[PDB]
Amino acid sequence: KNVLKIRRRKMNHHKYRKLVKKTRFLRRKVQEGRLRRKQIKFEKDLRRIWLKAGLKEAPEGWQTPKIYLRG
Amino acid sequence: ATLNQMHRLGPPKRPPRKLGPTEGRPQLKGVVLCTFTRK
Amino acid sequence: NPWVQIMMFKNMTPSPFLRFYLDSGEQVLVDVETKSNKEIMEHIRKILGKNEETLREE
Amino acid sequence: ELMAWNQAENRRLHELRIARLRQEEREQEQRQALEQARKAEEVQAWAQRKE
Amino acid sequence: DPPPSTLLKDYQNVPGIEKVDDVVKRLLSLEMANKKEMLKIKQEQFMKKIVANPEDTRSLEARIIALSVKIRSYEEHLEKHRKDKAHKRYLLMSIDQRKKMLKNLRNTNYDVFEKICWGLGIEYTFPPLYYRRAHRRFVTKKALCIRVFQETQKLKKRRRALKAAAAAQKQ
Amino acid sequence: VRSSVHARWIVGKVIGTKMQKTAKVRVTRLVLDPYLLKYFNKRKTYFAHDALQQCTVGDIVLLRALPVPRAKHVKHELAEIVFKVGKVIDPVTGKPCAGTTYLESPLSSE
RNA sequence: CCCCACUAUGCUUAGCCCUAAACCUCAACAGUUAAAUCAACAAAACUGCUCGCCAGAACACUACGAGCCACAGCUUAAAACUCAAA
RNA sequence: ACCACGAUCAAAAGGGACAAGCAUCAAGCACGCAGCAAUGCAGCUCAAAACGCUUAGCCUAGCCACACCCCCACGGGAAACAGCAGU
Ligand SMILES: [K+]
Ligand SMILES: [K+]
Ligand SMILES: [K+]
Ligand SMILES: [Mg+2]
Ligand SMILES: [Mg+2]
Ligand SMILES: [Mg+2]
Ligand SMILES: [Mg+2]
Ligand SMILES: [Mg+2]
Ligand SMILES: [Mg+2]
Ligand SMILES: [Mg+2]
Ligand SMILES: [Mg+2]
Ligand SMILES: [Mg+2]
Ligand SMILES: [Mg+2]
Ligand SMILES: [Mg+2]
Ligand SMILES: [Mg+2]
Ligand SMILES: [Mg+2]
Ligand SMILES: [Mg+2]
Ligand SMILES: [Mg+2]
Ligand SMILES: [Mg+2]
Ligand SMILES: [Mg+2]
Ligand SMILES: [Mg+2]
Ligand SMILES: [Mg+2]
């Protein structure tokens, strides 16, 4: 068989990798912002729980950890 | 597929029919903005 | 008999048997070892199946 | 009457089972006798080789 | 482990083995043999200690005992060879096959299942119903939901005493 | 004899004993697949009152409906342990068995 | 593309990463060689049973979401517009 | 007619059953049990699809739901044809 289908995929992946290289600094700023919103969306999910259970503050001694940071 | 697989998958789910430029309607009213020619 | 629970059990005992649980609480043990499938169907029809008259009436 | 007839059919099948099981023990014992003989020779042969 | 002076399973029942020279006893002992010979002696001890017929090797009991000896050999092997991925696979597969044997023995002969567990020191465990990744977001939310439950329980008990106290005052 | 519970007699397998005096029982029924016209097991969970806590996970039990439910999910009581897990008694002969093999021969008591 | 020099790298140790035309592109178990042998080519045609997967092309080994020691990554993976073919 | 220890009819309550699409909605977060109570145990649902989002009146001798909105209607917004004819 010919490799014409492979050749299409080859070009797509090449142009994709090149696009990522050309915009890797903008993508890093966007990725950082998404992780911040992801952490906020996570904190809201937990706060909803204790508030809907009748508590007014977080359980004594509870600190929501940062589960999306590289550290 | 096997009978167990066909039972587990169920009947085939066919995607809801797409709506064309009329949004599933025979005609639409419009206001002309500009006229031109296309090749 | 869509409303009768039928449950199957493999290789739990040395010989095959059918057991029926009735609403009164009575249990009917039917030994089926050595019997053909047609004889099993005729046996349980006789002891626990509705006769042709009872069905004609319904 | 049908429950009693079914209980009698089970008793009949039980007597046929016990007769079938007795014939299987006599055959099982014959085989079990030969295997012990064969197994005893293989032990004596294996024991002599080790000795 | 059996003492090194233990004789091989093949030479333990030959007549007159106790009157031979000490050198001949060393040459027919575990000290002068490979580890596989020591595992055959371990398998024999477990059989007499557990199974009703120590000569029946095809029973589900004997297979569980044989596989348990292999499992212990893999664990000792991997204690010294921690990057041996081939034997790590054999251990995990063997543990899964003993659980599959123990399941079938528990379903068929519970009295024998109990003696196998006591004799071999196996703590039978029922499988978990759901195997799913406990990722960070799940492990944190589940922890918070347990803390919220514990706090709600405490508050509900302090709403029993205050109501109890006020009711007594009316009297 | 009347009861408000729909399922009057059901057989199932005990799958849980972590509740006090309550056995969690998986009951399977055959349900016809309308398109394939093949029967497939459909399983449902029932809580059964077990006063003596004699049920073990894996044994086949017979459940009887209560006159009225005793709890939100407890609508049945343990009526009989049909097949004790690993301790099955052959109903046809009355002798103990381990799978398809007898542990005591029926010829012992003739 | 050809010649020379030299580095990351190929090696060891301790951790990661988890991708290949990872393809013998031919799933596991059991069975058959008779009937119709059989689109073509390839590595002859089939049966039982089970799981996995597939449903025009392209968009797309992409977007978003989610998970991940991965932060120019991997896994899962669409839709709109477009074509009457591929 | 009134009574029928009843029949018919049919609420509430209890048990069971009961739409479609999406798993890129995979976890839900108290969803269980025992006890006369006190209280104790830590369970309950879920890849055989829970929880969630979106779409839709339905299984048509008819049925369900709604009746301007705030699911409800003390109260409030506000002043109501989704009764007929009509605009
Ligand atoms: K691949
Ligand atoms: K290849
Ligand atoms: K309303
Ligand atoms: Mg070529
Ligand atoms: Mg392209
Ligand atoms: Mg170098
Ligand atoms: Mg080297
Ligand atoms: Mg290769
Ligand atoms: Mg492949
Ligand atoms: Mg496979
Ligand atoms: Mg084959
Ligand atoms: Mg396609
Ligand atoms: Mg790739
Ligand atoms: Mg990607
Ligand atoms: Mg992304
Ligand atoms: Mg009602
Ligand atoms: Mg109801
Ligand atoms: Mg998406
Ligand atoms: Mg609507
Ligand atoms: Mg109006
Ligand atoms: Mg209203
Ligand atoms: Mg009108």
# chains A, B, ... in the order shown; residues from 1 in each chain; ligands from 1

call {"tool": "residues_around", "arguments": {"residues": "residue 18 of chain F", "least_positions_apart": "3", "cutoff": "8 Å", "atoms": "only C-alpha atoms (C1' of nucleotides)", "output": "PDB file with N, CA, C and O atoms (P, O5', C5', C4', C3', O3' and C1' of nucleotides), in the first residue's frame"}}
result
ATOM      1  N   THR F  22     -28.423  -7.225  59.553  1.00  0.00           N
ATOM      2  CA  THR F  22     -28.920  -6.992  58.204  1.00  0.00           C
ATOM      3  C   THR F  22     -27.939  -7.583  57.207  1.00  0.00           C
ATOM      4  O   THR F  22     -26.739  -7.302  57.269  1.00  0.00           O
ATOM      5  N   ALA F  23     -28.451  -8.401  56.296  1.00  0.00           N
ATOM      6  CA  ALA F  23     -27.663  -8.984  55.220  1.00  0.00           C
ATOM      7  C   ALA F  23     -28.035  -8.312  53.908  1.00  0.00           C
ATOM      8  O   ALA F  23     -29.222  -8.159  53.599  1.00  0.00           O
TER       9      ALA F  23
ATOM     10  P     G H  43     -17.909   0.480  56.922  1.00  0.00           P
ATOM     11  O5'   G H  43     -19.063   0.064  55.907  1.00  0.00           O
ATOM     12  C5'   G H  43     -20.108  -0.795  56.328  1.00  0.00           C
ATOM     13  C4'   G H  43     -21.412  -0.061  56.524  1.00  0.00           C
ATOM     14  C3'   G H  43     -22.197   0.266  55.268  1.00  0.00           C
ATOM     15  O3'   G H  43     -22.912  -0.844  54.758  1.00  0.00           O
ATOM     16  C1'   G H  43     -22.153   2.157  56.683  1.00  0.00           C
TER      17        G H  43
END

call {"tool": "residues_near_ligand", "arguments": {"ligand": "ligand 14", "cutoff": "12 Å", "atoms": "only C-alpha atoms (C1' of nucleotides) and all ligand atoms", "output": "list in words"}}
result
residues 13, 16, 17 and 20 of chain A; 60, 61, 62, 63, 64, 72, 73, 74, 75, 76 and 77 of chain G

call {"tool": "closest_atom_pairs", "arguments": {"of": "chain H", "to": "ligand 20", "cutoff": "12 Å", "atoms": "only C-alpha atoms (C1' of nucleotides) and all ligand atoms", "output": "Markdown table"}}
result
| residue | atom | partner | partner_atom_place_in_ligand_line | distance |
| --- | --- | --- | --- | --- |
| H:67 | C1' | ligand 20 | 1 (Mg) | 9.5 |
| H:68 | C1' | ligand 20 | 1 (Mg) | 6.0 |
| H:69 | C1' | ligand 20 | 1 (Mg) | 11.0 |
| H:80 | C1' | ligand 20 | 1 (Mg) | 6.0 |
| H:81 | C1' | ligand 20 | 1 (Mg) | 6.7 |
| H:82 | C1' | ligand 20 | 1 (Mg) | 6.5 |

call {"tool": "residues_near_ligand", "arguments": {"ligand": "ligand 5", "cutoff": "12 Å", "atoms": "only C-alpha atoms (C1' of nucleotides) and all ligand atoms", "output": "VMD selection string"}}
result
(chain A and resid 4 to 16) or (chain G and resid 58 to 60 62)

call {"tool": "interface_residues", "arguments": {"of": "chain E", "to": "chain G", "cutoff": "10 Å", "atoms": "only C-alpha atoms (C1' of nucleotides)", "output": "PyMOL selection string"}}
result
chain E and resi 133+135-137

call {"tool": "closest_atom_pairs", "arguments": {"of": "chain C", "to": "chain D", "cutoff": "7 Å", "atoms": "only C-alpha atoms", "output": "Markdown table"}}
result
| residue | atom | partner | partner_atom | distance |
| --- | --- | --- | --- | --- |
| C:30 | CA | D:10 | CA | 6.9 |
| C:31 | CA | D:10 | CA | 6.1 |
| C:47 | CA | D:2 | CA | 5.1 |

call {"tool": "select_by_dssp", "arguments": {"residues": "chain C", "states": "alpha helix (DSSP H)", "output": "list in words"}}
result
residues 37, 38, 39, 40, 41, 42, 43, 44, 45, 46, 47, 48, 52, 53, 54, 55, 56 and 57 of chain C

call {"tool": "closest_atom_pairs", "arguments": {"of": "chain G", "to": "chain B", "cutoff": "10 Å", "atoms": "only C-alpha atoms (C1' of nucleotides)", "output": "tab-separated table"}}
result
residue	atom	partner	partner_atom	distance
G:49	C1'	B:2	CA	9.5
G:50	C1'	B:2	CA	8.2
G:51	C1'	B:5	CA	8.9
G:53	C1'	B:1	CA	9.5
